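Right, one structure below, let's go through it.
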Amino acid sequence: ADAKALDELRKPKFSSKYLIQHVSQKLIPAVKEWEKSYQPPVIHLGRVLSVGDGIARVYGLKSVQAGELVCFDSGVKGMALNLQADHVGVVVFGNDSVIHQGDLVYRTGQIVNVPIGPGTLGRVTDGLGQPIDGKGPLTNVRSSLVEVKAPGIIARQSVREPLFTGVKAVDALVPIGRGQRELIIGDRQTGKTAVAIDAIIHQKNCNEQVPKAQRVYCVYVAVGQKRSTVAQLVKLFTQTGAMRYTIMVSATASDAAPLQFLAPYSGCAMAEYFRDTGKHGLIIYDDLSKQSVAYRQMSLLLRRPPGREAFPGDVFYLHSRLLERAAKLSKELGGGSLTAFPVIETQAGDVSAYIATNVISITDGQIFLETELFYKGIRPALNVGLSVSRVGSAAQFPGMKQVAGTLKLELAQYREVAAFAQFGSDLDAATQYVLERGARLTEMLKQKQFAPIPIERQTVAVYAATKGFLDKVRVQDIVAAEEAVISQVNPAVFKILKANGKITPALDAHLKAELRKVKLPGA
Amino acid sequence: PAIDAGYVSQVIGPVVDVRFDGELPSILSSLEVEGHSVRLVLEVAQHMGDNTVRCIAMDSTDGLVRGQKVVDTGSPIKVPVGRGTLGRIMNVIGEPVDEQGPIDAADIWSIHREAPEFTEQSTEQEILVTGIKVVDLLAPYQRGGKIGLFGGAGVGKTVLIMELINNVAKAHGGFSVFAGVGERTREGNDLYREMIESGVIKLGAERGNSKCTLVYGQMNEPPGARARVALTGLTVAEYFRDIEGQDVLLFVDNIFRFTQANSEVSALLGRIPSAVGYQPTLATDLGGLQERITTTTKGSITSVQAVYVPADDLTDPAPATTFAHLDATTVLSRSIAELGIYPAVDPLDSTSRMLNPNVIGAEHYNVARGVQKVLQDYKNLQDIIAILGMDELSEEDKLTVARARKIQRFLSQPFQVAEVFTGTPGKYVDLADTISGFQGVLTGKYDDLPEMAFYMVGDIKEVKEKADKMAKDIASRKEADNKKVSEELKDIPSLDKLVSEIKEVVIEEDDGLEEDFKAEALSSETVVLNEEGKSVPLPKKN
Ligand SMILES: Nc1ncnc2c1ncn2[C@@H]1O[C@H](COP(=O)(O)OP(=O)(O)OP(=O)(O)O)[C@@H](O)[C@H]1O
Ligand SMILES: Nc1ncnc2c1ncn2[C@@H]1O[C@H](COP(=O)(O)OP(=O)(O)O)[C@@H](O)[C@H]1O
Ligand SMILES: [Mg+2]
Ligand SMILES: [Mg+2]
């Protein structure tokens, strides 16, 4: 049946109309007697053809945009993924057990958007911006799209400001620039979340000492986590006071995979408010490896062809178009920044996984957290030979940069002589020196949870370790030795080190002097 | 005016169907969507069969309604080519994305063309010196060759491609094209700003003295943009090769992203997937792009492509397909990188067509093959050494393990582009020095030196310098006891005299959050559109 031959059937060629007029006088009375069984016809609204697996097929919706929030009449939102010739495939931001065939779908006229602004600051929302903390609606807020394109080449500048984390291992070894993206990659239960939580608590501690434009407003995106974990984290952020500056977006493990796929984009749209108006944002996507699993669920339920491990093939684009919005803008665009901490859980240390090597080739560095260092109690279990941050380097604290090159070199030689002698019987007594210095330093860098340190109290603490001043202390009492050093050093030198930026030679003189009248517990 | 202006039939992600009621556009033709928020170009991919063409969007399709007017331009995507493109940044469709004004077009060429013919080919093998020890020794580059850097997300192929830019693209007096395909936007800004600093790119009225032109399709772009931006950079390089008639340097960061973008697109085009997940047309799409990147009889293109390997998997179909298109394949390994050896070049996996004694001379070739023989012999010994230790080896085996550790460390090199984060200044090692030094370490002239004297040095003069210095520092570890410049009266104030000079800051107490924020009035009911397009509350019925 050729379309050349179906085009000639538009022209009338009946040559007799003895039942055109017969039914055209009878069609309307026969249609009228079945009006109880007619659903009202649908053109600009939609009617659900078929719902299942969290994807509805919607008849009608003649004027929906691709990628648009639609609203089912039961109040559940959706997103028009693929407009087809006969239907619209929408993706249900919620459970599809409340959508029926024959339900009405309403176009809302706007591509998928979340409330951004100053009024979402402090709140706990779901993956689409509705609050779940129970304290009412989002007020002092405005709507903005979740799938904004990242800024281009000319809209950026290089990262210069040093974004202190409060972790001695991070701020000394793997330092973070302020528009940077740093992957926190590790196994299960290796302190991945703890580094990001410490960064958020430290931004609370630093926001009350900086003048209104060097403040960092954190966003925690919890994708695929438990809801009790998120409740405990909101309790911690509230009691430390860090919820004054934090937005908390959560699409937990019970939630639909569209909400878990969309929640990092919602949190990124909320933090891009602070990037776009000249302020600085911190965003933590906790388990981006669970957003990838939710997107794989959505793709295999859409019957898209699986690729490597089962992943859709655009699971690189999923995270790249996410993390590229973490930028440092130029001075013509306000100079705001957005620092990202994607978190990727790794299975048994396999860094050569698909999603892991995807996010490694997106982010500017990595923070590797090992199970063999975490089981030994070296916490944070930062793999110093593998962790790296090249964009934040030569953009860190200048006193910490003066001190920490010796620390990186001494931990490098400690790794060398532990790579040579994993059993202790052959002691050079200069290899014993680098072993004792490395064991002193790796006791120095390990710290406790939920208490981040200011950068001058880390600079002085690693100054007292990369030099002498701690070789009296043996290997155990270093955790009390550095606390005695922070306690017994006259606290003016912390003000001079914070204000000047680096250790001046007068301050180096007073610092060598002040580290001699310190009562070390190893005596 | 209605005919040859068709309408959007169905929108599936990066893939748009447009129905034309008469005289369909050709495959590869460019189509413009009217009324989009941005400029949306659609490249025709297939004719679906019912007056419908199947298109690839060069930008986002968020906002496409299923009746939207789509205008055929009658020609493929044409980008500005010429000397006026030098110093500018272009995107996939040839627009300036550097805010310097419109691009001075000597011509506008379509980005789709055939490869040069078999008669047009060039068979000339002269070496390209890169100043890198492992590259010049074991897999030397050809001056009109396709060069591939194979790597696995974090092994150093952007740092290698930047060091090759710094070493090669200044002595090489032609024009450069940097086609950034699917990489970080931060890295494009880094390269752009460092080229403005070193004067390779000149702004304003000095723009004609620029030497490099940048084409960028970075990893925030949609899959249709990253699938065609390599063809845009190729078109800019092919103008300089075919019309200006001169040598071009084309650097393509991650030509894998071209294949990955076509693999994202190919799912929605209704194709049965090939191996691991890829399009059935991997070899032919990749070969049609790669066979345009050649030197012909009228000009030269020295090509350096970074190639990503997907899960450190060199048997994945995209790296395994692109291996056969290159003259020199430098394979970077993660196990080499984890030993601190940088550049992390696997010396027993990096090959060239130039490692041939009739091309490089028998001295170079014999040194390179002897180095590879020692390294392969150590690789065969490593399974014994890991279990039984080096105490079970022969004395011949201990000699080859010691020599192979020395030539493993000697292949590493500091880069000038790595010195901003390593701190060690980089060394350009000449090829004659590379051959002589590696021959000396082969014959046993430098068995007196330790292993770490060879690590991260330029040439064999610096091994002996570092070996004197490491030995020299084996004694000198003290006498920083007194006689300081840091006692209390040297030039020192008191601590409270230091406190008063601190510029006290005023902490503003109000966060500056509602400076000019226009809060819209969010409705506590979902506002939707009814059948007449009017905004109404959501009706209270299920
Ligand atoms: N720096 C630290 N010092 C002491 N204990 C720590 C430290 N970091 C984490 N821990 C402890 O280790 C446990 C794991 O921490 P955390 O939840 O941060 O790891 P995780 O990587 O998030 O694991 P998962 O992703 O499975 O939740 C926690 O119970 C915490 O109390
Ligand atoms: N020659 C080198 N010297 C020192 N470090 C290097 C070198 N090459 C690579 N690296 C390290 O490897 C990391 C990843 O390299 P990069 O080229 O950015 O990765 P990719 O190969 O994914 O592009 C860099 O951040 C750098 O720290
Ligand atoms: Mg966790
Ligand atoms: Mg790269």
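FYI, nothing fancy with the structure tokens labels: chains A, B, ... in order, residues from 1 per chain, ligands from 1 as they appear.
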Inset, instruction - Tell me which protein, DNA and RNA residues are within 8 Å of region 1-4 of chain B, counting only C-alpha atoms, leaving out same-chain ones fewer than 6 positions away, and put them as a list in words. - result: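 Listing them by chain and then by number gives residues 20, 21, 22, 23, 24, 25, 71 and 72 of chain B.
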Inset, instruction - Name the residues, by chain letter and number, that sit within 7 Å of ligand 1 using only C-alpha atoms and all ligand atoms, and give them as a list in words. - result: residues 186, 187, 188, 189, 190, 191, 192, 193, 194, 195, 345, 379, 380, 446, 447, 448 and 449 of chain A
Can you list, as a short mmCIF file (atom, residue, chain, number, x, y, z; two decimals) with C-alpha atoms, in the first residue's frame, every protein, DNA or RNA residue that comes within 6 Å of region 457-463 of chain B when you count only C-alpha atoms, leaving out same-chain residues fewer than 4 positions away?
```
data_model
loop_
_atom_site.label_atom_id
_atom_site.label_comp_id
_atom_site.auth_asym_id
_atom_site.auth_seq_id
_atom_site.Cartn_x
_atom_site.Cartn_y
_atom_site.Cartn_z
CA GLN B 413 60.49 12.05 33.21
CA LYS B 427 63.23 18.33 31.43
CA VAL B 429 65.50 15.16 26.84
CA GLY B 437 71.78 7.06 28.12
CA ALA B 453 69.03 8.07 40.94
CA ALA B 467 73.49 9.94 42.50
#
```
Inset, instruction - Just the residues within 7 Å of region 410-414 of chain A, please, counting only C-alpha atoms, with nothing from its chain fewer than 4 positions along; format it as a list in words. - result: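 Selected residues are residues 406, 418, 434, 435 and 438 of chain A.
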Could you list, as a tab-separated table (two decimals) with C-alpha atoms, in the first residue's frame, all residues that come within 8 Å of ligand 4? Count only C-alpha atoms and all ligand atoms.
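Written file, selection-v9.tsv:
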```tsv
chain	number	residue	atom	x	y	z
A	361	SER	CA	37.42	11.12	34.42
B	153	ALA	CA	40.75	7.65	33.55
B	154	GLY	CA	43.50	9.16	35.58
B	156	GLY	CA	47.78	10.92	32.44
B	157	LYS	CA	46.79	11.30	28.81
B	158	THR	CA	45.64	14.90	29.19
B	159	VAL	CA	48.96	15.70	30.89
B	183	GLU	CA	36.38	16.48	28.13
B	184	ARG	CA	36.20	18.89	31.05
B	253	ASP	CA	41.34	15.06	23.58
B	254	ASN	CA	39.28	11.87	23.87
B	306	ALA	CA	43.82	10.75	23.40
```
Legend entry - Given only C-alpha atoms as the counted atoms, nearest of B:485, B:137, B:61, B:230 to residue 370 (chain B):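 Looking at the shortest contact to residue 370 (chain B), the residue is B:137.
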Inset, instruction - Enumerate residues in contact with ligand 2: an atom-to-atom distance of at most 8 Å, counting only C-alpha atoms and all ligand atoms. Format the result as a VMD selection string. - result: (chain A and resid 360 to 361 364 to 365 388 to 390) or (chain B and resid 151 to 161 308 337 342 to 344 413 to 415 417 to 419 421 to 422)
Just write the chosen residues, C-alpha atoms, as a PDB file, in the first residue's frame.
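Dumped everything to out30.pdb:
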```
ATOM      1  CA  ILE A 360      37.192   9.758  37.964  1.00  0.00           C
ATOM      2  CA  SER A 361      37.423  11.117  34.417  1.00  0.00           C
ATOM      3  CA  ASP A 364      39.376  17.148  39.242  1.00  0.00           C
ATOM      4  CA  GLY A 365      40.784  14.731  41.778  1.00  0.00           C
ATOM      5  CA  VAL A 388      45.166  13.590  44.251  1.00  0.00           C
ATOM      6  CA  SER A 389      43.845  17.115  43.752  1.00  0.00           C
ATOM      7  CA  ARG A 390      45.591  18.986  41.004  1.00  0.00           C
TER       8      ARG A 390
ATOM      9  CA  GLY B 151      44.501   5.501  28.902  1.00  0.00           C
ATOM     10  CA  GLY B 152      42.122   4.584  31.651  1.00  0.00           C
ATOM     11  CA  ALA B 153      40.751   7.647  33.549  1.00  0.00           C
ATOM     12  CA  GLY B 154      43.501   9.159  35.579  1.00  0.00           C
ATOM     13  CA  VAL B 155      46.653   7.720  34.096  1.00  0.00           C
ATOM     14  CA  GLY B 156      47.784  10.919  32.441  1.00  0.00           C
ATOM     15  CA  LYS B 157      46.785  11.305  28.811  1.00  0.00           C
ATOM     16  CA  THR B 158      45.639  14.904  29.189  1.00  0.00           C
ATOM     17  CA  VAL B 159      48.957  15.695  30.892  1.00  0.00           C
ATOM     18  CA  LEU B 160      50.745  13.850  28.092  1.00  0.00           C
ATOM     19  CA  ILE B 161      48.759  15.677  25.432  1.00  0.00           C
ATOM     20  CA  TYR B 308      40.014   6.517  26.619  1.00  0.00           C
ATOM     21  CA  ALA B 337      51.282   5.022  37.304  1.00  0.00           C
ATOM     22  CA  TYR B 342      55.201   9.218  35.052  1.00  0.00           C
ATOM     23  CA  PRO B 343      54.421   9.297  32.052  1.00  0.00           C
ATOM     24  CA  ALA B 344      52.735   6.015  32.772  1.00  0.00           C
ATOM     25  CA  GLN B 413      60.491  12.047  33.211  1.00  0.00           C
ATOM     26  CA  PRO B 414      59.383  15.349  34.740  1.00  0.00           C
ATOM     27  CA  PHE B 415      57.092  17.367  32.521  1.00  0.00           C
ATOM     28  CA  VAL B 417      53.306  21.110  32.416  1.00  0.00           C
ATOM     29  CA  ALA B 418      53.410  18.947  35.538  1.00  0.00           C
ATOM     30  CA  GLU B 419      55.660  21.297  37.503  1.00  0.00           C
ATOM     31  CA  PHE B 421      51.557  20.551  40.882  1.00  0.00           C
ATOM     32  CA  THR B 422      54.647  18.381  41.279  1.00  0.00           C
TER      33      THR B 422
END
```
Write out as a JSON list (two decimals) with N, CA and C atoms, in the first residue's frame which residues come within 10 Å of residue 467 (chain A) when counting only C-alpha atoms, dropping same-chain ones fewer than 6 positions away.
```
[["chain", "number", "residue", "atom", "x", "y", "z"],
["A", 403, "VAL", "N", 54.35, 24.02, 54.70],
["A", 403, "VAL", "CA", 54.65, 22.89, 55.58],
["A", 403, "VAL", "C", 54.45, 21.53, 54.90],
["A", 406, "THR", "N", 56.91, 18.85, 52.59],
["A", 406, "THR", "CA", 57.74, 17.94, 53.38],
["A", 406, "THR", "C", 56.93, 16.77, 53.91],
["A", 407, "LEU", "N", 55.65, 17.01, 54.23],
["A", 407, "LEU", "CA", 54.78, 15.93, 54.71],
["A", 407, "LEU", "C", 54.45, 14.94, 53.60],
["A", 437, "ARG", "N", 59.43, 8.47, 61.59],
["A", 437, "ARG", "CA", 58.84, 9.73, 61.19],
["A", 437, "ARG", "C", 57.52, 9.52, 60.46],
["A", 512, "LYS", "N", 58.92, 28.38, 66.45],
["A", 512, "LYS", "CA", 59.98, 27.51, 66.95],
["A", 512, "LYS", "C", 60.20, 27.72, 68.44]]
```
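Among the candidates A:124, A:284, A:219, A:146, the one nearest to ligand 3 when counting only C-alpha atoms and all ligand atoms is A:284.
Neighbouring residues of residue 221 (chain B) at 10 Å or closer, counting only C-alpha atoms and skipping chain neighbours under 3 positions away, are residues 149, 150, 152, 317, 320, 321 and 324 of chain A; 58, 59, 60, 91, 92, 181, 182, 183, 185, 216, 217, 218, 224, 225, 226, 227 and 261 of chain B.
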Legend entry - Non-local contacts of residue 291 (chain A) (6 Å; only C-alpha atoms; under 2 positions in same chain excluded) as an NGL selection string: :A and (260-261 or 288-289 or 293-294)
Export N, CA, C and O atoms of the chosen residues as a CSV table (one decimal), in the first residue's frame?
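File written: part.csv
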```
chain,number,residue,atom,x,y,z
A,260,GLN,N,15.3,9.3,42.7
A,260,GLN,CA,16.7,9.2,43.0
A,260,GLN,C,17.6,9.6,41.9
A,260,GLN,O,18.7,10.1,42.1
A,261,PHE,N,17.2,9.4,40.7
A,261,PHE,CA,17.9,9.9,39.5
A,261,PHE,C,17.8,11.4,39.5
A,261,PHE,O,18.8,12.1,39.0
A,288,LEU,N,26.6,8.9,44.4
A,288,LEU,CA,26.4,9.0,43.0
A,288,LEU,C,26.3,7.6,42.3
A,288,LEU,O,25.8,7.5,41.2
A,289,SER,N,26.9,6.6,42.9
A,289,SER,CA,26.8,5.2,42.5
A,289,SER,C,25.5,4.6,42.7
A,289,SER,O,25.2,3.5,42.3
A,293,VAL,N,22.6,3.6,39.6
A,293,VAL,CA,21.8,2.4,39.7
A,293,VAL,C,20.3,2.7,39.5
A,293,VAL,O,19.6,1.9,38.8
A,294,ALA,N,19.8,3.8,40.0
A,294,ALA,CA,18.5,4.3,39.7
A,294,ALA,C,18.2,4.6,38.3
A,294,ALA,O,17.2,4.3,37.7
```
Inset, instruction - Find the residues of chain B in contact range of chain A, meaning any atom within 6 Å when counting only C-alpha atoms, and list them as a list in words. - result: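 Filtering chain B at 6 Å from chain A with only C-alpha atoms gives residues 10, 11, 12, 62, 63, 64, 65, 98, 153, 185, 189, 219, 220, 264, 276, 277, 311, 486, 492, 507, 508, 511, 513, 519, 520, 528, 529, 531 and 542 of chain B.
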Those residues you just picked out, can you put them in a file as a CSV table (one decimal), in the first residue's frame with N, CA, C and O atoms?
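Below is the file that was written, selection38.csv:
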```
chain,number,residue,atom,x,y,z
B,10,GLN,N,8.2,13.5,16.5
B,10,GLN,CA,8.4,12.9,17.9
B,10,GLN,C,9.8,13.2,18.4
B,10,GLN,O,10.7,13.3,17.6
B,11,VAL,N,9.9,13.4,19.7
B,11,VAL,CA,11.1,13.8,20.3
B,11,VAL,C,11.5,12.7,21.3
B,11,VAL,O,10.8,12.5,22.3
B,12,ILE,N,12.6,12.0,21.1
B,12,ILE,CA,13.1,11.0,22.1
B,12,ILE,C,14.6,11.5,22.4
B,12,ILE,O,15.5,11.0,21.8
B,62,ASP,N,15.0,19.9,25.3
B,62,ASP,CA,14.0,20.2,26.3
B,62,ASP,C,13.3,21.5,25.9
B,62,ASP,O,13.9,22.6,25.8
B,63,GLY,N,12.0,21.4,25.7
B,63,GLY,CA,11.2,22.4,25.1
B,63,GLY,C,10.7,22.2,23.7
B,63,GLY,O,10.0,23.1,23.2
B,64,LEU,N,10.9,21.0,23.1
B,64,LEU,CA,10.4,20.8,21.8
B,64,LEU,C,9.0,20.3,21.9
B,64,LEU,O,8.7,19.3,22.6
B,65,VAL,N,8.1,21.0,21.3
B,65,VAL,CA,6.6,20.6,21.2
B,65,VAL,C,6.4,19.9,19.9
B,65,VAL,O,7.1,20.1,18.9
B,98,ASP,N,33.7,32.3,22.6
B,98,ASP,CA,34.7,33.0,23.3
B,98,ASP,C,34.4,34.5,23.5
B,98,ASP,O,35.3,35.2,24.0
B,153,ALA,N,41.3,6.7,32.6
B,153,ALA,CA,40.8,7.6,33.5
B,153,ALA,C,41.7,7.9,34.7
B,153,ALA,O,41.5,7.3,35.8
B,185,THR,N,35.2,21.1,30.8
B,185,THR,CA,35.2,22.5,30.4
B,185,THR,C,36.2,23.3,31.1
B,185,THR,O,36.8,24.3,30.6
B,189,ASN,N,39.1,25.8,29.5
B,189,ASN,CA,39.4,27.1,30.0
B,189,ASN,C,40.9,27.2,30.4
B,189,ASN,O,41.5,28.2,30.2
B,219,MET,N,32.2,17.8,28.0
B,219,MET,CA,31.3,16.8,28.5
B,219,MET,C,30.0,17.2,29.1
B,219,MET,O,29.2,16.4,29.5
B,220,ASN,N,29.7,18.5,29.1
B,220,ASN,CA,28.4,19.0,29.4
B,220,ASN,C,27.5,19.1,28.2
B,220,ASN,O,26.3,19.3,28.3
B,264,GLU,N,25.4,6.5,22.6
B,264,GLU,CA,24.2,7.1,23.3
B,264,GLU,C,23.1,7.3,22.3
B,264,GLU,O,21.9,7.1,22.6
B,276,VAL,N,30.0,-4.9,23.3
B,276,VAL,CA,29.5,-4.7,24.7
B,276,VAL,C,28.1,-3.9,24.8
B,276,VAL,O,27.2,-4.5,25.3
B,277,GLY,N,28.1,-2.7,24.3
B,277,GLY,CA,26.7,-2.1,24.2
B,277,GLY,C,26.6,-1.2,23.0
B,277,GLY,O,25.7,-0.4,22.8
B,311,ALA,N,37.0,0.6,31.1
B,311,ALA,CA,37.2,0.1,32.4
B,311,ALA,C,38.6,-0.4,32.6
B,311,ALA,O,38.8,-1.6,33.1
B,486,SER,N,66.4,33.0,63.8
B,486,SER,CA,65.1,32.9,64.4
B,486,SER,C,65.1,32.9,66.0
B,486,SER,O,64.3,32.2,66.6
B,492,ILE,N,63.0,40.5,65.1
B,492,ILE,CA,61.7,39.9,65.5
B,492,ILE,C,61.0,41.0,66.3
B,492,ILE,O,61.6,41.6,67.1
B,507,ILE,N,32.5,41.5,60.2
B,507,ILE,CA,31.6,40.4,59.9
B,507,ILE,C,30.2,40.9,59.8
B,507,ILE,O,29.7,41.5,60.8
B,508,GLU,N,29.6,40.7,58.7
B,508,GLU,CA,28.4,41.4,58.2
B,508,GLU,C,27.1,41.0,58.8
B,508,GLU,O,26.1,41.7,58.7
B,511,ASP,N,24.3,37.7,55.9
B,511,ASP,CA,24.5,36.7,54.8
B,511,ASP,C,24.2,37.2,53.4
B,511,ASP,O,24.6,36.5,52.4
B,513,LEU,N,21.5,37.5,51.7
B,513,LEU,CA,20.7,36.5,50.9
B,513,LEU,C,19.6,37.1,50.1
B,513,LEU,O,19.3,36.7,49.0
B,519,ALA,N,11.3,36.6,45.0
B,519,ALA,CA,10.6,35.4,45.3
B,519,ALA,C,9.3,35.4,44.6
B,519,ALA,O,8.5,36.4,44.8
B,520,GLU,N,9.0,34.4,43.9
B,520,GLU,CA,7.7,34.2,43.3
B,520,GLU,C,6.8,33.6,44.3
B,520,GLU,O,7.2,32.9,45.2
B,528,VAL,N,-2.1,23.9,37.1
B,528,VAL,CA,-1.9,23.1,35.9
B,528,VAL,C,-2.6,23.9,34.8
B,528,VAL,O,-3.1,24.9,35.0
B,529,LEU,N,-2.5,23.3,33.6
B,529,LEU,CA,-3.2,23.9,32.4
B,529,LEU,C,-4.4,23.0,32.0
B,529,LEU,O,-4.2,21.8,31.9
B,531,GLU,N,-7.9,22.3,29.3
B,531,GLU,CA,-8.0,22.0,27.9
B,531,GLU,C,-7.8,23.3,27.1
B,531,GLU,O,-7.4,23.2,25.9
B,542,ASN,N,-9.8,12.0,41.5
B,542,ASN,CA,-8.9,10.9,41.0
B,542,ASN,C,-9.7,10.0,40.1
B,542,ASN,O,-9.3,9.9,38.9
```
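You can rank A:229, A:16, A:339, A:120 by their closest distance to ligand 3 using only C-alpha atoms and all ligand atoms, and at the top of that list sits A:229.
Taking CA of residue 56 (chain A) as the reference point, CA of residue 299 (chain A) is found at 13.9 Å.
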